Amino acid sequence: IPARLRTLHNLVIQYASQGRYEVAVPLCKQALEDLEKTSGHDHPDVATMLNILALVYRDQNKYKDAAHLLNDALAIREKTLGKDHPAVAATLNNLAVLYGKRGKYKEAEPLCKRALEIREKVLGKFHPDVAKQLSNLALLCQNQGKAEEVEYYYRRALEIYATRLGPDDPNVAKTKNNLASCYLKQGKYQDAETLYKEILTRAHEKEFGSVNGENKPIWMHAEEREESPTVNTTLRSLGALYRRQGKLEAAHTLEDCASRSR
């Protein structure tokens, strides 16, 4: 936000979060035609202005129009700033968020790969912000039913989350679970069970010290009995996974464990 547009911003910000669409839009519209004569159209502050009103149309559910503004901001940003510049990836992302809210997922997908390619160059292939861009771009492929890609990007995100960050890490457990869902969505049940196990082995290794032969994880006590907020879901998922297999003496165990742990 520039110093110049910074005092008008706070007011529109205020006159939007008060449901005064009749006040806010003209304040933007007229402040844009003002700056349009000042520093030309292809100036970055028009692009910044076209992004603040675009966020006004998004704020009061007029997505058709919101994106019409963010493509214009993107055209300016592409011009002066650059084809592979960070602020152009930023507006290639905000524009993709709008396509998803309108249901145009097939149409947000090419924007999100470009927002990623800019991130891959800027931050480096293995940066954790690349892992969140991947965890996003996979959700988009899921909303398209492109399972094979959903699997790919989550695994790519997991590679960064697991390697760059720690083991107990929330994203490590969350991305495992998301990939574990994807595997089931495609009938890769051993792959899914494997993941649901890993999360728990670590979860038990976190609060019970370490994995022994006499102090094993829940799933191991459950598979033998048959003869983290993200963990309540793992327990519920894996539990019901044993249900498919017929392992009911093992399904009830985690289902009992899940209802207790809250």
# chains A, B, ... in the order shown; residues from 1 in each chain; ligands from 1

$ select_by_dssp --residues "segment 11-219 of chain A" --states "alpha helix (DSSP H)" --output "NGL selection string"
:A and (11-14 or 21-38 or 44-59 or 63-79 or 86-101 or 105-122 or 128-142 or 147-164 or 170-185 or 189-207 or 218-219)

$ residues_around --residues "segment 122-137 of chain A" --least-positions-apart "6" --cutoff "7 Å" --atoms "only C-alpha atoms" --output "list in words"
residues 112, 116, 153, 154, 157, 160 and 161 of chain A

$ closest_residue --among "A:84, A:42, A:109, A:169" --to "residue 121 of chain A" --atoms "only C-alpha atoms"
A:84

$ residues_around --residues "residue 1 of chain A" --least-positions-apart "5" --cutoff "9 Å" --atoms "only C-alpha atoms" --output "PyMOL selection string"
chain A and resi 6+9+45+48

$ write_last_selection --atoms "C-alpha atoms" --output "PDB file, in the first residue's frame"
ATOM      1  CA  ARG A   6      -2.836   4.692   2.307  1.00  0.00           C
ATOM      2  CA  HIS A   9      -7.523   2.847   1.783  1.00  0.00           C
ATOM      3  CA  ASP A  45      -0.405   2.365  -8.210  1.00  0.00           C
ATOM      4  CA  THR A  48      -2.818  -1.420  -6.527  1.00  0.00           C
TER       5      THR A  48
END

$ residues_around --residues "segment 65-73 of chain A" --least-positions-apart "2" --cutoff "12 Å" --atoms "only C-alpha atoms" --output "count of residues only"
54

$ closest_residue --among "A:165, A:178, A:228, A:23" --to "residue 152 of chain A" --atoms "only C-alpha atoms"
A:178

$ atom_distance --atom1 "atom CA of residue 156 of chain A" --atom2 "atom CA of residue 229 of chain A"
23.1 Å

$ residues_around --residues "residue 188 of chain A" --least-positions-apart "5" --cutoff "12 Å" --atoms "only C-alpha atoms" --output "PyMOL selection string"
chain A and resi 147-148+151+179-183+193-195+241

$ write_last_selection --atoms "N, CA and C atoms" --output "PDB file, in the first residue's frame"
ATOM      1  N   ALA A 147      -7.353 -36.680  -9.595  1.00  0.00           N
ATOM      2  CA  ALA A 147      -6.706 -37.450  -8.523  1.00  0.00           C
ATOM      3  C   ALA A 147      -5.210 -37.626  -8.676  1.00  0.00           C
ATOM      4  N   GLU A 148      -4.742 -38.070  -9.857  1.00  0.00           N
ATOM      5  CA  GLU A 148      -3.327 -38.285 -10.186  1.00  0.00           C
ATOM      6  C   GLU A 148      -2.442 -37.061  -9.885  1.00  0.00           C
ATOM      7  N   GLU A 151      -2.537 -36.193  -5.882  1.00  0.00           N
ATOM      8  CA  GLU A 151      -1.564 -37.082  -5.285  1.00  0.00           C
ATOM      9  C   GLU A 151      -0.180 -36.459  -5.436  1.00  0.00           C
ATOM     10  N   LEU A 179      -3.155 -36.384   1.699  1.00  0.00           N
ATOM     11  CA  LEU A 179      -2.635 -37.344   0.719  1.00  0.00           C
ATOM     12  C   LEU A 179      -3.265 -38.692   0.977  1.00  0.00           C
ATOM     13  N   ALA A 180      -3.415 -39.043   2.265  1.00  0.00           N
ATOM     14  CA  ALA A 180      -4.054 -40.253   2.739  1.00  0.00           C
ATOM     15  C   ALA A 180      -5.501 -40.264   2.261  1.00  0.00           C
ATOM     16  N   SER A 181      -6.206 -39.103   2.292  1.00  0.00           N
ATOM     17  CA  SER A 181      -7.576 -39.004   1.761  1.00  0.00           C
ATOM     18  C   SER A 181      -7.578 -39.289   0.264  1.00  0.00           C
ATOM     19  N   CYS A 182      -6.666 -38.621  -0.484  1.00  0.00           N
ATOM     20  CA  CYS A 182      -6.494 -38.747  -1.929  1.00  0.00           C
ATOM     21  C   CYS A 182      -6.275 -40.193  -2.378  1.00  0.00           C
ATOM     22  N   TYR A 183      -5.440 -40.938  -1.629  1.00  0.00           N
ATOM     23  CA  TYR A 183      -5.160 -42.344  -1.898  1.00  0.00           C
ATOM     24  C   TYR A 183      -6.457 -43.149  -1.831  1.00  0.00           C
ATOM     25  N   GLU A 193      -3.572 -46.279   4.673  1.00  0.00           N
ATOM     26  CA  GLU A 193      -3.380 -46.926   5.983  1.00  0.00           C
ATOM     27  C   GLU A 193      -1.963 -46.666   6.497  1.00  0.00           C
ATOM     28  N   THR A 194      -0.962 -46.752   5.569  1.00  0.00           N
ATOM     29  CA  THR A 194       0.460 -46.555   5.821  1.00  0.00           C
ATOM     30  C   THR A 194       0.625 -45.189   6.402  1.00  0.00           C
ATOM     31  N   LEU A 195       0.078 -44.148   5.735  1.00  0.00           N
ATOM     32  CA  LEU A 195       0.166 -42.749   6.184  1.00  0.00           C
ATOM     33  C   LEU A 195      -0.469 -42.526   7.545  1.00  0.00           C
ATOM     34  N   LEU A 241     -11.108 -47.400   8.549  1.00  0.00           N
ATOM     35  CA  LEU A 241     -10.383 -48.090   7.492  1.00  0.00           C
ATOM     36  C   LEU A 241     -10.301 -49.555   7.905  1.00  0.00           C
TER      37      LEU A 241
END

$ atom_distance --atom1 "atom CA of residue 173 of chain A" --atom2 "atom CA of residue 230 of chain A"
6.7 Å

$ atom_distance --atom1 "atom CA of residue 225 of chain A" --atom2 "atom CA of residue 174 of chain A"
27.7 Å

$ closest_residue --among "A:5, A:199, A:118, A:222" --to "residue 34 of chain A" --atoms "only C-alpha atoms"
A:5

$ residues_around --residues "segment 201-208 of chain A" --least-positions-apart "4" --cutoff "12 Å" --atoms "only C-alpha atoms" --output "ChimeraX atom specification"
/A:166-170,172-173,194-197,212,214-221,228-232,234-235

$ write_last_selection --atoms "C-alpha atoms" --output "compact mmCIF listing (two decimals), in the first residue's frame"
# COMPACT_ATOMS: atom_id res chain seq x y z
CA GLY A 166 10.41 -30.80 11.93
CA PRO A 167 8.68 -34.18 12.49
CA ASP A 168 5.85 -33.37 14.95
CA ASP A 169 5.05 -30.26 12.72
CA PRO A 170 1.32 -29.60 12.02
CA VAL A 172 3.65 -32.74 8.21
CA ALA A 173 0.61 -34.44 9.88
CA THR A 194 0.46 -46.55 5.82
CA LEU A 195 0.17 -42.75 6.18
CA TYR A 196 -2.52 -42.90 8.95
CA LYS A 197 -0.15 -45.26 10.77
CA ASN A 212 9.38 -50.08 22.27
CA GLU A 214 6.29 -53.35 25.13
CA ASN A 215 5.02 -49.77 24.49
CA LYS A 216 3.66 -49.80 20.91
CA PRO A 217 1.26 -47.27 19.07
CA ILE A 218 -2.64 -47.50 19.21
CA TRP A 219 -2.93 -49.18 15.80
CA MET A 220 -0.49 -51.93 16.85
CA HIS A 221 -2.43 -52.60 20.09
CA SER A 228 -2.32 -32.78 17.70
CA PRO A 229 -5.93 -31.90 16.56
CA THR A 230 -5.20 -33.55 13.19
CA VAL A 231 -4.72 -36.84 15.05
CA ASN A 232 -8.46 -37.21 16.14
CA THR A 234 -6.34 -39.87 11.73
CA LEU A 235 -7.79 -42.11 14.47

$ closest_residue --among "A:31, A:16, A:141, A:115" --to "residue 4 of chain A" --atoms "only C-alpha atoms"
A:31

$ residues_around --residues "residue 11 of chain A" --least-positions-apart "6" --cutoff "10 Å" --atoms "only C-alpha atoms" --output "number ranges by chain"
A: 17, 24, 27

$ write_last_selection --atoms "C-alpha atoms" --output "PDB file, in the first residue's frame"
ATOM      1  CA  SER A  17     -16.941  -3.076   6.708  1.00  0.00           C
ATOM      2  CA  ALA A  24     -16.949   2.681  -1.200  1.00  0.00           C
ATOM      3  CA  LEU A  27     -14.397   6.403  -3.719  1.00  0.00           C
TER       4      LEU A  27
END
